[PDB]
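Take a look at the structure below.
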Amino acid sequence: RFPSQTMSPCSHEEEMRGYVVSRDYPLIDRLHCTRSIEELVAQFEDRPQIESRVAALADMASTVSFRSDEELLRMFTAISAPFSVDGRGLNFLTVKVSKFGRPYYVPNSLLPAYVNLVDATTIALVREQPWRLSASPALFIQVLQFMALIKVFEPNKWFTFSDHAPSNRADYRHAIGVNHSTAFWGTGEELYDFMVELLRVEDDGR
Amino acid sequence: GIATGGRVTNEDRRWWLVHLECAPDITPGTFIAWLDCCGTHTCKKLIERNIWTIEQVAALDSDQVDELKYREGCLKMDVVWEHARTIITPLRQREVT
Amino acid sequence: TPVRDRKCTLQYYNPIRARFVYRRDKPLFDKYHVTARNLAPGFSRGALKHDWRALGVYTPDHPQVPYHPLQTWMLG
Amino acid sequence: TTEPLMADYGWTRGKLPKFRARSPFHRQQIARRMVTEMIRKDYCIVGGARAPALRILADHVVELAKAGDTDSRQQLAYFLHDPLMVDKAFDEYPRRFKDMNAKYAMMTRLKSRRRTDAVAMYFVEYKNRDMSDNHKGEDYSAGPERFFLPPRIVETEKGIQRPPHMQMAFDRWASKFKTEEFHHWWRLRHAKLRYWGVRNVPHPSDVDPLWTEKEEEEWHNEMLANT
Amino acid sequence: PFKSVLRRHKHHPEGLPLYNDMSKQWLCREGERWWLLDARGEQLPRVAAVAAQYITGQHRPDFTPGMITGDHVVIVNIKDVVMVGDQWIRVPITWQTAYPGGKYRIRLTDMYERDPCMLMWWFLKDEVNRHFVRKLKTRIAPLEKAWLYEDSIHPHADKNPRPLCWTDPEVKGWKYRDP
Amino acid sequence: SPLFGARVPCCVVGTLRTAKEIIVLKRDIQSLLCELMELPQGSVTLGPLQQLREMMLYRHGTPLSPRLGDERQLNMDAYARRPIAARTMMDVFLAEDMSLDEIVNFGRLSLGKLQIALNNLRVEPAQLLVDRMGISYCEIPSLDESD
Amino acid sequence: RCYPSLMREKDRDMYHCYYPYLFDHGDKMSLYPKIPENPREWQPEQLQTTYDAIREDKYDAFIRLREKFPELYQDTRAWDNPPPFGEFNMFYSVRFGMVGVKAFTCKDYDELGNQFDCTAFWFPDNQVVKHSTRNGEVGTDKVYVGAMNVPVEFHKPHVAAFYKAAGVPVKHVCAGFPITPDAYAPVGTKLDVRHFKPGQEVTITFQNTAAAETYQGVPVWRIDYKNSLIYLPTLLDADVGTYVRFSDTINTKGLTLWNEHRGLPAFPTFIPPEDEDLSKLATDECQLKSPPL
Amino acid sequence: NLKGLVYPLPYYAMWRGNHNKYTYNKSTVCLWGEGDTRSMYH
Amino acid sequence: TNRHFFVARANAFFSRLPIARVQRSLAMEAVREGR
Amino acid sequence: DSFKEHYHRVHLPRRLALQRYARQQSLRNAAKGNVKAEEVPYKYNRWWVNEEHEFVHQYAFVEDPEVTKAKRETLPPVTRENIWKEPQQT
Amino acid sequence: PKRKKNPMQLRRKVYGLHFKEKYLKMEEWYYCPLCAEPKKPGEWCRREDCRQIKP
RNA sequence: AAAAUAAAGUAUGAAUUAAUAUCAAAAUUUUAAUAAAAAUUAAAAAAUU
RNA sequence: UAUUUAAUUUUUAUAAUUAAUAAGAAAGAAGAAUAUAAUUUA
Ligand SMILES: [Zn+2]
């Protein structure tokens, strides 16, 4: 009905707006973002720092289904910026762990960020909205090219800091538990198999 | 009671009223040192204010209390004060009969 | 080679500078006591290059300070 | 052990840290001369696990001083090598600390270590000194000239006067360093340390005295300049 | 030294390399072709031998010992592989763990219960180790060129495996002679 | 046994300043609060000052925890709370003759006047409590369950 | 004893079936082996059975005797009426626990004079933080429960990131629970304490005073669902403040934890009724307690 | 020797020696009437 | 065992629950039923 | 590097790839416009009597992904009052 | 010791992390804004500016 | 088994020992007497205590 | 001292698809040390 306590005022810039709590609060407190793609791309470019990159991705991977086709094109365009075809696609490396004989390489929080982007895309374009890739080829090619830009099918070079010593971080697991966290991440699996099977109509009937 | 944080809840009051009968001989004229959270330092500063009595600590105006706990610095003063506030009426009752 | 000097790690995360954020320094200071000295509001564990403020981090009961862009001299 | 002097030296968190010594008796002896010195002279440059101990113990001494009780006087009197410093402890600290209840002693870790061993140096102080009678304006950034002279006073505070019974004691203590048998003790000490041999100790014929009369007639001069 | 002391290990998180994806002086993948070996009815050990020699690279005229160049063999239908007579029941598989109790004596039937694929892998291991033991890279590198699929379903349609047409010249059944 | 000298508060008034400035300012608060509730002088009984805590970690909802302007019911979709409004609290007690409805009515009128008093900070008793005399915060307590 | 009865796969055939054996033709189920449509692939010495008066009369008797005596044969109804998915299958259902904190130690009496030493655990904020099904393989699903909400500046910069991606408020601690697909609850679900019935037995994983320990039998004593405590009759070797991972002990020596005699759990998650408000509710009236041991 | 998800059924895995650790075969060793003997006549 | 779930401890947050209050509450419940 | 962990070193990623090849089935049974979870038949013979003449039972449990997808997506209804307000008898 | 160790055994000890952390490790520092000396954060000097505000 | 003492430390800096190749881990039999000698299968990463 | 075992390589959000019976920015004190993550403090 009414406030239980007083609310101290703030001006227009410093309010916490841009998000919304889930429909049923007292049971589920999940936070869903309402932010437009323009200001998320803006947050991605204007504050180049790692945490704002992750912060942009966590919002635009929450909202994938809730935007149109071209709105996705500007997204993948904005996201494909720090990637060179020649260079290793996904390697973001922070800590050198010299603990063992041969130095270990640990990535930062950007890696699972991009991967979570790809998996959200997987849930949107394959499972709950299978028609969308077939409808517009534009984002078919955009998604395919972004998916080729980070190299999703050789994750081993996500973890490789020196190309003379290729790192097997992705392809290796031992039963005592090494690489449970870096283990086999089906990443581009469902997407690529699906968008191959969109082109798999070999039938002359249609 | 003793270890309560912040505000003193009513349940906590119930505790004190329970321990009223725990000790058979008690009068509102009893010395300060029987109170919860009255230490050495807390007793002394009450004494120089000419307060010997549970009645007298129940007679405080609450702006004597705060400068007892802030300007002077007997801490946990509102605990003992409130402890008086609760217990002075029942004591009078038990004193009559 | 260019020289082997390290650039500033003073603003990064450090696990032994991390413990002093929530530690109680009342006796260390005679005149100048500050609310929480090592604690940088909005930044992960006192580190200035780790800025989280005015991002989407959902923290229902704790405060967050708004974003003002950090200067050049504060980082390095 | 909850009693605010008597010490518990363990490593568990309920106990204040034991600093290395020969026996707990020895720990007590050490602690006693540390506290005595700190009460005499507000700062101690103290290495190791000793300094936090000094912090806690100084807080205990100020607590006893605030007690202002004959039992407190007596129990502090058991603890110190100096009887006189006990009197100082009950004259000074209450007025000094009347506005503070908690953490009376400031510990400051120094970035320099003993050359002798790796142990770190801590600078332990009493807190606010502008309320103190004899320590009012003193500067500890650097030491005094010869260590029997009263320490540095801040330029803006020069004209401060101190309790007479304290500078009486201080002058009586300092007056045995101007007699020549101290000079003989000084040279003979050079000889001794040189024999036990310790490097960088000059030969006793190079050791020209700490105290001369010209230096005294300038030191007393500037001392009445501070007065 | 030449070969380093700090070495890539199984417990080390870097992990163990796959020689198919490795690029090294002695690894040549340029001139390889893919084979399809249907194991229906053929004896396990024989199949192991043939596969071992296509895999190792010995079927080529230009084969050189230090240069590892193999053909990828897709061995299909491991489940139908035939071991003669009582042998399924009588042929041991022995290994020794270094710890108190150094004997595991395990029947072919048990290995077949756990994985059929491990049997073919075992005999491939043997037939490759028959000529290469003394160097690890020469033992391990060929074996990854076997693709062991225990029925007729395999991912490899895209390599167009050519059916490897082979009849065993040996008339008699396989014979277990191991001291 | 009936419940003894426990008193249900009217409002709890916060201040960003620490406890030692406010003891000087106590008597000037009651003169203002009396004309907030439009009652005559001496009607309101102010409780003891409570300095809550200096929290490095800020445990929320705690007995000594500094209150914050932002509230969950007040802003639901905000992902965090506005920073600390009040470091010291003092309770407001009325006469005992006011029953539970009356007390809450004088509690509500207060939040009404004080909220706007803070929003005038964008002669009358509100900003007199806000501007030249400090109070940054106010609340209605929860009725305690413990009887 | 500690083995079940041994039945070989060869031994399951028409002559061993408790109920009538049924053959599958794929559009229809019949009691006659499928006669192959190509007659020339009929093997010699094989009788293709189009009718059998021996095996059809027993089926005839059986079915009727079922509909005619429904009260005697209710167990037989298990054959024709399988439980659908969800609906708390007793043998197939594994739900998640929650993350506690060792708060303090206490003492209680039961109905008789008996001194118990209770250890009191606290459940500060339990929310389902994450779902992980690993590559869609069956029986591989995990639900991640977080606890103890924590300020933005606490965790290392890679932990906070995770929490931001999830959408869940930042937690001090997360623990995974392997569970069956039916036992899921959505991300961000506030978990209450009466998710654990006061009668049950609980599996406990915590840190010893310095490796991890697991206690697999421990019964619940008492529940404060106001202050979100739970009481347990044990003295742990554990530091006060240690995060303790809870689970249901899913079988005790041949007996299932949840059964009609013993009882039934509130299955995927507990949910509180809409009409209760804990801010109106005292501590003592908020109490739950076990039957006497 | 059980790890991962364990079902409340009292002893399911006890006859293969208490574990779940392979389970990915469709093919096992067989007497007559056992599994892969689908395709043979008896 | 060095993991995060095990090493991290909740001591600092213990003010969020009133330990001393609940102990006394169950004292009340001790004398109410008469143990 | 024993026999077996090298074996799994090589082959577990291959098992994963193979079951990926199993998952593409549903995928072209998706792409062409069909939507079906490929059904598993119910088995009426789960009750048996062994050679020592005692009752042996087999448990078949079928997971429904359209139920699961609904299970994770929305809350369960309110817990019935027979559950928590009465204890579990030991 | 039962035998002379060659240069390799002598060189084996330097691959270890204990050795590297002890001996070849660079210290992080800045300039004391009051004293202009190189300084490790958390260690201060005896100077009356540097005791109250310890920079 | 509580109590007192002593072990990461900065500095100094010996002694027993030393045929060795970056090493030699596990098992089996054989060979003129333990056999770190053979052969075969195998499965021993680095540092520190 | 060599092998051999046991522990450790200093918070890993997470653990186990197999072997055998697991690792994100760094060192002073892990404590500002008298068991509160500041008991108001000049
Ligand atoms: Zn300085």
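Letters A, B, ... mark the chains of the structure tokens in the order given; residue numbers begin at 1 per chain; ligand numbers begin at 1, in order shown.
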Test item: residues lying within 12 Å of ligand 1 with only C-alpha atoms (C1' of nucleotides) and all ligand atoms, as a PyMOL selection string: (chain D and resi 108-112+141) or (chain K and resi 30-55)
Taking N, CA and C atoms for each residue, export the selection above as a compact mmCIF listing (two decimals), in the first residue's frame.
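Here's the written file out05.txt:
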# COMPACT_ATOMS: atom_id res chain seq x y z
N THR D 108 52.28 1.09 14.33
CA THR D 108 52.63 1.44 12.96
C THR D 108 53.80 0.62 12.47
N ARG D 109 53.58 -0.16 11.42
CA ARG D 109 54.62 -1.01 10.88
C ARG D 109 55.63 -0.22 10.05
N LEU D 110 56.91 -0.35 10.42
CA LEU D 110 57.98 0.36 9.74
C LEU D 110 58.51 -0.44 8.55
N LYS D 111 58.90 0.27 7.50
CA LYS D 111 59.34 -0.37 6.26
C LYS D 111 60.80 -0.78 6.33
N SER D 112 61.43 -0.49 7.46
CA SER D 112 62.80 -0.89 7.68
C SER D 112 62.85 -2.07 8.63
N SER D 141 59.76 12.09 14.69
CA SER D 141 60.24 11.76 13.33
C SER D 141 61.71 11.34 13.34
N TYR K 30 55.60 1.61 -5.33
CA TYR K 30 55.25 2.92 -5.84
C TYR K 30 56.06 3.97 -5.10
N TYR K 31 55.87 5.24 -5.43
CA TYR K 31 56.58 6.31 -4.73
C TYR K 31 55.72 6.88 -3.59
N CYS K 32 56.27 6.85 -2.37
CA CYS K 32 55.65 7.42 -1.16
C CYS K 32 55.36 8.89 -1.44
N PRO K 33 54.08 9.28 -1.43
CA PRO K 33 53.70 10.64 -1.82
C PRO K 33 54.20 11.68 -0.82
N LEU K 34 54.43 11.28 0.42
CA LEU K 34 55.10 12.14 1.37
C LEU K 34 56.64 12.10 1.30
N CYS K 35 57.24 10.91 1.25
CA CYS K 35 58.71 10.81 1.28
C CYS K 35 59.46 10.69 -0.05
N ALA K 36 58.74 10.40 -1.12
CA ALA K 36 59.33 10.13 -2.44
C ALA K 36 60.34 8.98 -2.45
N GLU K 37 60.29 8.09 -1.46
CA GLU K 37 61.10 6.88 -1.51
C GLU K 37 60.30 5.74 -2.12
N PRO K 38 60.98 4.78 -2.76
CA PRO K 38 60.25 3.60 -3.21
C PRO K 38 59.66 2.86 -2.03
N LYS K 39 58.42 2.39 -2.16
CA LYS K 39 57.70 1.86 -1.02
C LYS K 39 56.81 0.68 -1.39
N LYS K 40 56.80 -0.35 -0.55
CA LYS K 40 55.84 -1.44 -0.68
C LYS K 40 54.59 -1.05 0.09
N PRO K 41 53.40 -1.28 -0.49
CA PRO K 41 52.18 -0.89 0.21
C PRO K 41 52.00 -1.73 1.48
N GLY K 42 51.73 -1.07 2.60
CA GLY K 42 51.57 -1.76 3.86
C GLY K 42 52.74 -1.64 4.82
N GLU K 43 53.82 -0.99 4.38
CA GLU K 43 54.98 -0.75 5.23
C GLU K 43 55.34 0.73 5.22
N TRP K 44 55.36 1.34 6.40
CA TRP K 44 55.53 2.79 6.50
C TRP K 44 56.82 3.20 7.21
N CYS K 45 56.99 4.50 7.42
CA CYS K 45 58.26 5.05 7.88
C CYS K 45 58.08 5.82 9.18
N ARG K 46 59.17 6.10 9.88
CA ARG K 46 59.03 6.86 11.12
C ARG K 46 59.17 8.32 10.73
N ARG K 47 58.02 8.95 10.56
CA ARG K 47 57.91 10.35 10.18
C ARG K 47 56.50 10.76 10.55
N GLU K 48 56.30 11.96 11.09
CA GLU K 48 55.01 12.23 11.71
C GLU K 48 53.88 12.46 10.72
N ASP K 49 54.22 12.64 9.45
CA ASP K 49 53.20 12.63 8.41
C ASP K 49 52.74 11.21 8.14
N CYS K 50 53.71 10.30 8.11
CA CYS K 50 53.48 8.93 7.68
C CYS K 50 52.91 8.01 8.75
N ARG K 51 52.80 8.49 9.99
CA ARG K 51 52.11 7.69 11.01
C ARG K 51 50.58 7.86 11.04
N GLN K 52 50.09 9.10 10.95
CA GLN K 52 48.64 9.30 11.04
C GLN K 52 47.98 8.95 9.73
N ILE K 53 48.27 9.72 8.69
CA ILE K 53 47.98 9.25 7.36
C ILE K 53 49.16 8.40 6.96
N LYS K 54 48.94 7.10 6.79
CA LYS K 54 50.02 6.27 6.33
C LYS K 54 49.72 5.90 4.89
N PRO K 55 50.44 6.55 3.96
CA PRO K 55 50.18 6.52 2.52
C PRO K 55 50.72 5.27 1.86
Find the residues around residue 83 (chain G) up to 10 Å (only C-alpha atoms (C1' of nucleotides) counted), leave out those fewer than 4 positions away in its own chain, and share them as JSON, numbers by chain. {"G": [78, 87, 88, 89], "J": [61, 62]}
Would you mind listing, as a PDB file with C-alpha atoms, in the first residue's frame, all residues of chain H that have at least one atom within 10 Å of chain J, where only C-alpha atoms are what counts?
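Output file part35.pdb follows:
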ATOM      1  CA  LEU H   9      16.405 -48.162  -5.295  1.00  0.00           C
ATOM      2  CA  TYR H  12      20.568 -52.127  -8.467  1.00  0.00           C
ATOM      3  CA  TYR H  24      27.772 -47.156 -22.657  1.00  0.00           C
TER       4      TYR H  24
END
Nearby residues (only C-alpha atoms (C1' of nucleotides)) at most 10 Å from region 68-81 of chain B, same-chain spacing under 6 positions excluded, as an NGL selection string: (:B and (1-8 or 32 or 34-46 or 54 or 56-60 or 62)) or (:D and (98-101)) or (:F and (19-20 or 23 or 47-51)) or (:M and (39-41))
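Going from CA of residue 120 (chain G) over to CA of residue 225 (chain G), you cover 12.5 Å.
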For chain A, report every residue with an atom at most 10 Å from chain M (counting only C-alpha atoms (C1' of nucleotides)), formatted as an MDAnalysis selection string. chainID A and resid 93:97 99:100 105:109 173:181
List as a VMD selection string the protein and nucleic acid residues near residue 9 (chain C), meaning an atom at most 12 Å away when only C-alpha atoms (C1' of nucleotides) are counted, but skip any in the same chain fewer than 6 places from it. (chain C and resid 17 47 to 50 74 to 76) or (chain K and resid 26 to 30 40 to 41) or (chain M and resid 25 to 26)
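We find CA of residue 126 (chain G) and CA of residue 5 (chain I) to be spaced 14.4 Å apart.
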Could you please select, counting only C-alpha atoms, the residues of chain G within 12 Å of chain H and state them as a PyMOL selection string? chain G and resi 1-14+41-46+88-96+137-143+176-181+248-259
